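For reference, the structure is listed below as structure tokens.
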Number of protein chains: 2
Amino acid sequence: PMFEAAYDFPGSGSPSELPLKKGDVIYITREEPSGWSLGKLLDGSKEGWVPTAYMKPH
Amino acid sequence: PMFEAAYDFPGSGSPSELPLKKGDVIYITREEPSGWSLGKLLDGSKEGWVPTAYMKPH
């Protein structure tokens, strides 16, 4: 589904992360019990993991 | 269980949130499917919610 980032997520540098700025809209495809969700900001480019905590309905 | 903060969590100013610095040791008492975990720092005054994504083994 589609979510908007409710917090900034600069990340750590990990290539597995998807850095977010608050307000960014992205498509989440998977949500894992570790507390991470896999998303793609909407052009089809960059995919990676973001905190589920930070995803608000859009 | 006991964890360590894997990332800084400044939060939004919400009274529900427990701001963290990376490396902070926290005891989590609840973990909810929304992606948030409730706990208290080893110091152990204020309890509040943090991203489950940011919890790692200490």
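Each chain gets a letter, A, B and so on, in the order the sequences are listed, and its residues count up from 1. Values reported hereafter were calculated over all heavy atoms of this structure, with side chains retained and with hydrogens, waters and symmetry mates removed.
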Side-chain contact, heavy-atom cut-off 4.5 Å: B:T29 with B:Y27? yes
How long is the straight-line distance from [atom2] of [Y] back to [atom1] of [X], given to the nearest 0.5 Å?
X: B:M2; Y: B:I28; atom1: CE; atom2: CD1; result: 10.0 Å
X: B:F9; Y: A:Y54; atom1: CZ; atom2: OH; result: 5.0 Å
X: B:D24; Y: B:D43; atom1: CG; atom2: CG; result: 9.0 Å
X: B:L18; Y: B:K40; atom1: CG; atom2: NZ; result: 10.5 Å
X: B:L41; Y: B:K46; atom1: CG; atom2: NZ; result: 10.5 Å
X: A:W36; Y: A:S16; atom1: CH2; atom2: OG; result: 9.5 Å

Over all heavy atoms of both residues, which pair between [X] and [Y] is shortest? Give the atoms and the distance, please.
X: A:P33; Y: B:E31; answer: O-OE2, 3.9 Å
X: B:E4; Y: B:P57; answer: OE1-O, 4.2 Å
X: B:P51; Y: A:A53; answer: CB-CB, 3.7 Å
X: B:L20; Y: B:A5; answer: CD1-CB, 3.7 Å
X: B:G35; Y: A:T52; answer: CA-CB, 4.1 Å

Under a 4.0 Å N-O cut-off, is there an ion pair linking A:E32 with A:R30? no
Any salt bridge linking B:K21 with B:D8? Criterion: basic side-chain nitrogen under 4.0 Å from a carboxylate oxygen. no
State whether the side chain of A:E17 and the backbone N or O of A:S12 hold a donor-acceptor pair below 3.5 Å, judged by distance alone. yes
